[PDB]
A.B. asks: 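Have a look at this one.
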4 protein chains.
Amino acid sequence: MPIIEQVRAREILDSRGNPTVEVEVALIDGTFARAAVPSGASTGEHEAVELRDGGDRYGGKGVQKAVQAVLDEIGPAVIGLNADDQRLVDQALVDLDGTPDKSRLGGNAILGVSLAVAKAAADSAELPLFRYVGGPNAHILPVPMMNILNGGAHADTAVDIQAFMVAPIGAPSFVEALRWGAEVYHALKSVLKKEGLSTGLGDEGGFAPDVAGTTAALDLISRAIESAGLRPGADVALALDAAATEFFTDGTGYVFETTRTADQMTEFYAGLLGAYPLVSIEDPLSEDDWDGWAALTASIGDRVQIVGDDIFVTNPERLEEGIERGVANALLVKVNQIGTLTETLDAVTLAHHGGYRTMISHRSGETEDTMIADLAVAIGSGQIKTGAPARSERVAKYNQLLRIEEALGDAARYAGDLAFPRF
Amino acid sequence: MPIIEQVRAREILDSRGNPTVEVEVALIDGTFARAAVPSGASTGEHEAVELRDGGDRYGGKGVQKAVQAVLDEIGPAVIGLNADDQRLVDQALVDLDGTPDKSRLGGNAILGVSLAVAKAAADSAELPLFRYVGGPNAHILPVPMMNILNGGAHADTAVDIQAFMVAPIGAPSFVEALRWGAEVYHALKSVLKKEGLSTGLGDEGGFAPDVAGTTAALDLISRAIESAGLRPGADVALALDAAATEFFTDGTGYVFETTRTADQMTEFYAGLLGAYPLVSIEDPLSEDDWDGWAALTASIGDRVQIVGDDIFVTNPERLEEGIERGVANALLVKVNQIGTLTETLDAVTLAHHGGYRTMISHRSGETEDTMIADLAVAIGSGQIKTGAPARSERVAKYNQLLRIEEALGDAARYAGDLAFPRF
Amino acid sequence: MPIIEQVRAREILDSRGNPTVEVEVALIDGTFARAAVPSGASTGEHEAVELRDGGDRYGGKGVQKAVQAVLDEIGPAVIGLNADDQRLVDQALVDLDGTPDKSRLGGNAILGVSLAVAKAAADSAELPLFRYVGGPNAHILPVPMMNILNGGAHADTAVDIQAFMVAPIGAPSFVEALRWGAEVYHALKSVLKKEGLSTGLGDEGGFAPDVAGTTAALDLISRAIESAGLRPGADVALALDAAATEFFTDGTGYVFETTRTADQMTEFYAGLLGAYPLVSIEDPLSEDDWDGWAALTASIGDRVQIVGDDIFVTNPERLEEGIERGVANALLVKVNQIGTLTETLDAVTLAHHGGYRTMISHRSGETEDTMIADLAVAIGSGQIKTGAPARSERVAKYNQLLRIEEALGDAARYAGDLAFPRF
Amino acid sequence: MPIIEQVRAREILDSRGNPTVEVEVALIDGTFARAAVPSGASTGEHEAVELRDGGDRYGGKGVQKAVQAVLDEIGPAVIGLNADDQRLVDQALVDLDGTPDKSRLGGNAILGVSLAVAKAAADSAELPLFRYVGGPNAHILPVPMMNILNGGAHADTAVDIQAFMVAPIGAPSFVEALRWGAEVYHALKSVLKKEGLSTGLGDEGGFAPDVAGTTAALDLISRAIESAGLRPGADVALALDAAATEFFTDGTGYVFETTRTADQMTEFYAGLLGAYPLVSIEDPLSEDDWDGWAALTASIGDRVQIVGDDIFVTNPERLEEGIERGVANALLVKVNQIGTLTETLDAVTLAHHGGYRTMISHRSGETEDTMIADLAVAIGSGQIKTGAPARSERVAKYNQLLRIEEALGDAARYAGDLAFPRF
Ligand SMILES: [Cl-]
Ligand SMILES: [Cl-]
Ligand SMILES: [Cl-]
Ligand SMILES: [Cl-]
Ligand SMILES: [Cl-]
Ligand SMILES: [Cl-]
Ligand SMILES: [Cl-]
Ligand SMILES: [Cl-]
Ligand SMILES: [Cl-]
Ligand SMILES: [Cl-]
Ligand SMILES: [Cl-]
Ligand SMILES: [Cl-]
Ligand SMILES: [Mg+2]
Ligand SMILES: [Mg+2]
Ligand SMILES: [Mg+2]
Ligand SMILES: [Mg+2]
């Protein structure tokens, strides 16, 4: 019987050396599971609240209050529940907290317990996590959307686009797709050395060279793909996270490379589509620019995937508003933006039912936890955004997808160019 | 370890007294599961082939060849496989057969093994079948689309529409929705007695009274809903299976109540939408009328759900062609039209990803097997078509949904009017 | 019974996106364990040989030959052995290979199997890995020697010292020591931003700012410690990896910041000891400069720990030669330099018996594997070198030490300033 | 789970027929273990206190108070602890007692519980005791230091040296080394019969013939080695326990064979090194003669192992003082001198880290318990002092080393002449 017996939490460090929550759940059958919670560098206004300790300790970023909340309140509210009743457990966490944004117990305390319970349920059932969450039909390995060059608020350069990604869509399999991603990243390291540009890594393991702007960054990436013996677009296509909220002024406009309107940003993005093998653009406009996004999606949404991150925050409520308004055609899925597995899967359901694609995403503050790799296959997103093929908080996810591919055998299918029908 | 050890089959009878396949699978951990295969009265041209024995025995409808195929060939090909690898098992069945339409081993032999393996995997994992297929997020109880009055090729009347269904969309829960369906069906029995019309049941448990046509049948149903103390549309809405292939002549047109064109049938259906609280119409045109369907879906598809049954036959290939052509907005899901659980779930995936709704369906020849009730919740269709609340091959499904609702507790949600946003 | 039943290997990626070996071992009692192998960016001449595939794939760095060697040859030679007989298993791996430097099967294939077997033995015995390797007396949490600023061959600067580390020796506990390391690293990020220097990370997660030389780097670190509210030396002391082989010419001398002799390098190092709270210096001279090292150890060895890395390569044979010659007073312990757990522990034994201290070390190419954290406590080194508190291939080790500290309860002791009696 | 459930004690007799403590521990998984406590004939001033009953019974040497202390107080303080947490259990015993020298509960009550818990933990983990204490690297069989001729306070003769030992350093294996020890002991019996000297045994199973002094005793032993067909020094070397405290007067000097100073005793010992194949001398000076020992160790410590017994009493505190002062180069390890396994292993750690060798030792009052044989291999001392190859309280240890050698197979290594690099 997979009845919850014990729930504990501890403070560990994330991949930027800031504290985060790790939760362990033990079931009465001796099943033990452990889940760690990611954290964003900068966050959407609309995200679930992380409980942070304040004061001097770790710059105010301690999570001892979250840890105490798991031991004093969450444990006692969920011990005796069946870990298979993920929706009951998640509803009891949400009711316990009693707030819209999980500001009392913290989204970080609550997601910790939610993910650990799911992991314990899967172990008890003797099923791999992808198969317990997705059922026996879970088999699709995601195209890895790999951040290899950074800009925006995440850089000390004149590039305002936050992330430049490669997507090995033409690969026959996920094992070959990871290798393609790795070989282009290694060749970009060599191209950067040869141009005398910096090869220091950012948070996501990508390079942050000081370059002129968006097209200069895309040209270096294209050179890297060719240098790896691969064809841009057919083999390795491109994607962006503009994260346009970071360069947007409330009620004013987009300060980009020139102040521009939503419609001008769209002309820019349209220009990039004509010049480059772009399959996806994330957050091309800001998190509350509902009019701009609708007009942009109407303009270019037939030609490229448009991903809502900060505009949706993995929230069914804000995503429903977007589907209604014809805003974006894809949802970035961040479990810690919403706080429970159940609410994450309701958002994925709302998207998938509504014709929108999904992309599972890391946070800039990640851990050795690989659960999003299992999530990406469980929900059959066909797309994952979990960093450069460097820094093991990113690579551990890619290694877990290798293991999932191997375990599926001839049942595995790599999403490849079927993730992006518009390209 | 849920390794397949034994696979046996026997000939049993379906709900019309014709033979069908039942398969039992035993795993090395002592797990035992049993699955029975439904059969259609009349079938789509494009369905997986049922192996039938021919000769005198049971009118040519014996399934001893299918039973022998399970023992001589399928068992030996899948023993030693892990029952958790549903896609490997289904691929090995499809490769074993080696034909497009499963004409060598039979769709009936193959689906038997496929469904029994899935059931055995769920038992081994100690999970209810809905939760093993759908994962921990499976929680949505379907609106029951209950056939209470028949016509077409299934009748001796002037009604050409095959099925008239009630849909208790306004109910707060599936337990109340089943009761509403039952009380309207009982009141329709009383209305029919009072009009001197026949109360003999058809295959699906609905009545087949000799009435004038479509609007006469809808009026009697509306009287029944009011007689039960319920409001037509707000509480109990209406749906149809025209099954228009049954009154279509190849290259000619629709002989309906008058020969009509696809566009004329659409004017008729449009007329019914203005006069009646219709939420869904299945097969309004014939199985290969791709032009007619596109024009109909363009005309009324914003106003009502349009379900493809015979046009799609639960086939990813034919459904892809429909999505491309803007044909229908819903897929009728019939596991035995395609032959494996895996191919059924790929069709559901293709639909759900593509913005199309799904409705799990019985066949006119059903069994005491309740697996489609678990399927409807697993895939979160929000809709099931499994007969009148009479004849236990129909009622056993409704009873299994009660048990699933009870087991989910406060996690259960009834789809209600959210299954039909267009109404 | 912990009899080895199955041995498998797969190619995964390390923290620099290059391939490495991961090995899984299953025992007949159902115990399953997984071990990943690290890889050095540049290597000592004397290290165990890594089998690499060559050709185009992953730049020649594929490990498919190593993976095949684990499946074709190692598995068959160790299945049926008791996983508790670590020395028998390691001797059978060494005899199987039949070469001095493990050049036939590869140090990477062999260490994979060695570490996985040890992990499986610990799981079977139901003991944490630190307690199975070190016995019930294992309780000492290491001072973390955290690389926060890089130079040498690992940089594009004028600093020739490869690694600048902080050592929180004055902390009351490992949990406080990790926090001190994290807060100084965060304050160094702020000091670097304020001097307009690069905050891109190197392989070990440290910063690589373009600075003048050794004393400029030490001054920035000292500013960071003070900025964190900590006292240099008393709270946070300093350590170096000169890696002097990287700037040494065979038979010629040390090109450093000026060509210098071994004795001149020693005058430099002696100067740094008078000016800075240095507790340790690794590889102050080159890997085969036996005369230089003896004279340096005689000169300053009473005043500071002198660590042999490339001079010893975790080899009992080369370490014995050093003890005999009065060369160094500490051994850097790198399991993959020697290839088996058993030979690693014989080197630690030879050192500890001989009055030499040990420091467990990461490689620049690391994985999500945390086994060296368990090793550092098992052998009671009191010292570990496993990166900056950034990049989870480094932080996962620090998180595992937190978990080990918590599990020991009041039995835990933090090595603190007792790791460095000379300071 | 190896949780302590029951702790009982009984009074048994030691090898001299005096009472001692035996402790049994039962764990909740059904593991049962038994440990007996040795006792010294005469003791160091600084040893842990043995609780003795006083009065008439067994000459005042009853241990009923110790037995009662195990049942009334120790059991209740350690039941519910994990037997794997040896340091927590030992700390709880030390805190319970609350005294420096364990004078309240008794070192004999406390060591009984400590050793039984360790044995129970090893059984629960299904590991031999040497492997549970020493980890998988424990493999070194000790040179047996076998007392074959006695003098001092342990005799009625003019020999003031307490123990004359043979050390079969040249043997290829422990099985051959035991045989060499046995054959020399049998030949010494024959040499003694032929000189008309007594063949009655002392407490340690050695002979106590009435001889002239030290050189007369060494000559008889040398004759015995030759008579066995072995070469003195190359095959069988010699060692001494002077136990010089027994012939030392507080503040006065050494009454030996002549009153002598520390420096004169050293001239004597130096003379014996020139004339005889001596590898080790234990307690050459008295337990508090810190100046004498330093000067002696400076004089001859390069030429022979100098073992501290009564000067260290297996106490980390007194051993630290010796390492600081350059006093001795080896620690005699007597678990009952300190009272817990944990404090014994901290003393071994302090020694081994500090370049000092260890020799595990029996007490003159021994039992059928063989645990020190497992300890000697666990800590890889390479040396054990556990009597003549006569009297089964001595031989049971040698028999247990045979069993440990056999169980290690080709992983076993005999320390041989590598235990004594100075010879
Ligand atoms: Cl919820
Ligand atoms: Cl869309
Ligand atoms: Cl998707
Ligand atoms: Cl298939
Ligand atoms: Cl649609
Ligand atoms: Cl649906
Ligand atoms: Cl070896
Ligand atoms: Cl030294
Ligand atoms: Cl050390
Ligand atoms: Cl202690
Ligand atoms: Cl020494
Ligand atoms: Cl030793
Ligand atoms: Mg974003
Ligand atoms: Mg139909
Ligand atoms: Mg180094
Ligand atoms: Mg003694």
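Proteins get letters first, then strands, A, B, ... in listed order; numbering begins at 1 in each.
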A.B. asks: In terms of heavy-atom proximity below 4.5 Å to chain C, should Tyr58(A) be classed as side chain, backbone, both, or neither?
C.D. replies: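 Both parts, heavy atoms under 4.5 Å.
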
A.B. asks: Kindly compute the distance separating NE2 (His186(C)) from NZ (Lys61(A)), expressed to the nearest 0.5 Å.
C.D. replies: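 The NE2 atom of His186(C) sits 6.5 Å away from the NZ atom of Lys61(A).
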
A.B. asks: For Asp235(C), what residues pass the side-chain hydrogen bond (donor to acceptor under 3.5 Å, both in side chains) criterion, not counting sequence neighbours?
C.D. replies: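 With sequence neighbours excluded, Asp235(C) shows a side-chain hydrogen bond (donor to acceptor under 3.5 Å, both in side chains) to no residue whatsoever.
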
A.B. asks: What are the two closest heavy atoms between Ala182(A) and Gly17(C), and how far apart are they?
C.D. replies: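 Here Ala182(A) and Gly17(C) meet closest at CB-O, 3.8 Å.
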
A.B. asks: Tell me, for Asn18(A) versus chain C, whether the close heavy atoms (under 4.5 Å) come from the side chain, the backbone, both or neither.
C.D. replies: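 Contact with chain C: backbone and side chain both.
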
A.B. asks: Got a second to check how far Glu393(C)'s CD is from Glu393(A)'s CD, nearest 0.5 Å?
C.D. replies: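 Between atom CD of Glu393(C) and atom CD of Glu393(A) there are 6.5 Å.
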
A.B. asks: Sequence neighbours left out, what passes salt bridge (charged side-chain N to carboxylate O under 4.0 Å, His left out) with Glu176(C)? Give chain and number order.
C.D. replies: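 Expected list: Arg179(C).
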
A.B. asks: Side chain, backbone, both or neither: which part of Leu402(A) has a heavy atom under 4.5 Å from chain C?
C.D. replies: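 Answer is side chain: those atoms of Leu402(A) sit under 4.5 Å from chain C.
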
A.B. asks: Within the structure provided, determine whether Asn399(C) and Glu22(A) are in side-chain contact (heavy-atom separation under 4.5 Å).
C.D. replies: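 Contact flag for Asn399(C)/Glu22(A) side chains = no.
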
A.B. asks: Measure the CG-OG distance between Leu13(C) and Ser392(A) for me, rounded to the nearest 0.5 Å.
C.D. replies: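 The OG atom of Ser392(A) is 9.0 Å from CG of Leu13(C), to the nearest 0.5 Å.
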
A.B. asks: Rounded to the nearest 0.5 Å, how far does CZ of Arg391(C) lie from CG of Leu201(A)?
C.D. replies: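 If I round to the nearest 0.5 Å, the distance is 5.0 Å.
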
A.B. asks: To the nearest 0.5 angstrom, please state how far the CD atom of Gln400(C) sits from the CD1 atom of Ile12(A).
C.D. replies: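 Going from CD on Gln400(C) over to CD1 on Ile12(A), the span is 11.0 Å.
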
